[PDB]
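Okay, here we've got a single chain as structure tokens, the form deposited in one PDB entry, with questions on binding and movement later.
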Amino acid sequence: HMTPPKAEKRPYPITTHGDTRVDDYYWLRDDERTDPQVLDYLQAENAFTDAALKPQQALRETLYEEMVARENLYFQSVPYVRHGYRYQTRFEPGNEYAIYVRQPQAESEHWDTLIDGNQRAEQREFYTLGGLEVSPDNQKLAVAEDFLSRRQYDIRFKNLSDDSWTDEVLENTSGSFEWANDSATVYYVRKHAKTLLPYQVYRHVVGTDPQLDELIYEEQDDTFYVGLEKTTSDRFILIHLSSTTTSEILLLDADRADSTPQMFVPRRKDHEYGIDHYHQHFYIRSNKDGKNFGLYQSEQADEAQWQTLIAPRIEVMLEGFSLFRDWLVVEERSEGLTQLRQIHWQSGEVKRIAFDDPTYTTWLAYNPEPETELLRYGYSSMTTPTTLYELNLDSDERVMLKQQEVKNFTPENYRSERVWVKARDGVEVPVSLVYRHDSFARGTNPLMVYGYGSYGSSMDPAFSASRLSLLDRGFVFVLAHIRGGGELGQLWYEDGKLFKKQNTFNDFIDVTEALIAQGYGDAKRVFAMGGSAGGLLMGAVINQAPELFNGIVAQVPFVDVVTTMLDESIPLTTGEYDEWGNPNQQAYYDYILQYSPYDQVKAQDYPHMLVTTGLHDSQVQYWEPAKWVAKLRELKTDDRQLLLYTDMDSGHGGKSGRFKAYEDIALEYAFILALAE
């Protein structure tokens, strides 16, 4: 029926290494975001989307309502104890925002309000709590708040004696801060006034003019993120400097006046390390001897003094650790599963935490106090809603503390599987899938295949309540654990980035083909979704294997890869040379251009596609998807649905859009369900 919007073509040549690319829609980029012809194209496309999806209104309402109906309005967090006070977070169905309360540990009856987000947000357009921490002496509250939706956090201080606030604000912070042990001095991270990258550490006396704050450290290399931590011992505040590949940690004495940063181990390309301090020792997770990391103990900084506790293993990725009185607990990945292991400091006794599920995730949860035998850890699976457990490390007694509540849900209605796919290069790729038992008939069910596959981020198999809206309508939901993710450790990441990035896209295709070949789904009703770097995945896969998929959702997709990575004026570019490569080098230019989805759009049939972006935010810049849709409309040879939905919001005023996240999920799901009908 309806004529889609047609963006004006303004041929813009980009020549690199003697290769001229002509970009007809380069002009859709306006960094000021005011060019009225740019806004007219984005608005036209939104009106086209509104018009094309108008018949799906009833279905979007049905989906929205059943998704909100699964959720308990009245959420209370699991209380935790820190420095002799018990803390709970509370949500009331009335309230937009959480209320944070606390009470002395020996108290039951009365709870004091620490901060009520609804009250802080009064007469403001926007509110995000970026951080909250009481001082060691329990007398002052430090908070990092964004009232402007720019992820620039203001830090403010509350006297808990009388609920009065101090007069100063620390502005343009990352929201990362630590208390010195005097409960009077705080260290915080200031963002660059132009790039907004975190780059300076300041020392502030609470109550005083921030003009008086002392510059403690400035990072010269803006590929290095600057964060603050505090050791389990409380002895040190850590300046944690890291790029994608390289770390460096400086120590601030948390007990003494006028501390200056003490070098731990000077940065060395491809050495990633993180430390803690406890029982008068440093504990270091380091890749110095192996890509899968080891754990070391040291009395001093000197790398040559680091004693091996856990050697790097090819079959086991070491992800993180927690320190307790009698036990070390580590988080590891092996054979495509997450695992926890405990090791006794004195006996050397090793225990593994046991599960019985093919598709689950387990992780160390929040354990703020080390003088305990009680470990808190999380568990989730594709069939079991997210659970917090408390384990006695000595007795092995496992107690549930909290379950995610899911209304209108019977877990035995669903089944999950782990599937391994031999990829085209013979590498085994794990898959996690879930579906409703009573509607499953081999070869007949629609498939929804989800992937990400960048930065060594893992799409670990866990529970989703919103996913039940697909499962209860006959979908088989698939997580494809493709290379570039981290499910099989650092080498799984490195075999899906830089000059191996094409493995990500190949794995996604190989998994999809295998699941159809094996009878998990209907060959004619295969859907996929991915966002941001997962949208790069969607964009490459539909250029390379357009016939495989019925329909696609590509959220905020990274698709203009070569042009973006040639331009340091775009946020992210200077930090992503170690992900995609630097196309100022001919070798990277050719390797990236081969998959860059915007460049590889051809005159061929594409699947149905919904593409989303946002004007006023960031991440992937709005122009990449808008150029991609314009180019697809110009070249594609099919008559299928192609829609661009641009979020125009001033921001997302509701934490980050609570209602709105469910509205977006309803619109995407209705789009896909309408295609499967």
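Rigid core here is just the name for the largest C-alpha set that superposes within 1.5 Å across the two forms. One rule holds for the numbers: they count along the sequence shown, beginning at 1.
One more form of this protein, deposited in another entry, exists but is not displayed; see below.
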{"property": "Rigid core superposition between this form and the one not shown: residue from 636, 608, 60, 652 with Cα shift of 2 Å or more", "result": "652"}
{"property": "Residue shift check between this form and the one not shown, rigid core fit, residue 618 Cα at least 2 Å", "result": "yes"}
{"property": "Comparison of CA distance in the other entry with shown form for residue 653, residue 404, at least 3 Å", "result": "closer"}
{"property": "Distance direction in the other entry for the C-alpha atoms of residue 655 and residue 621, relative to the displayed form (3 angstroms or more)", "result": "farther"}
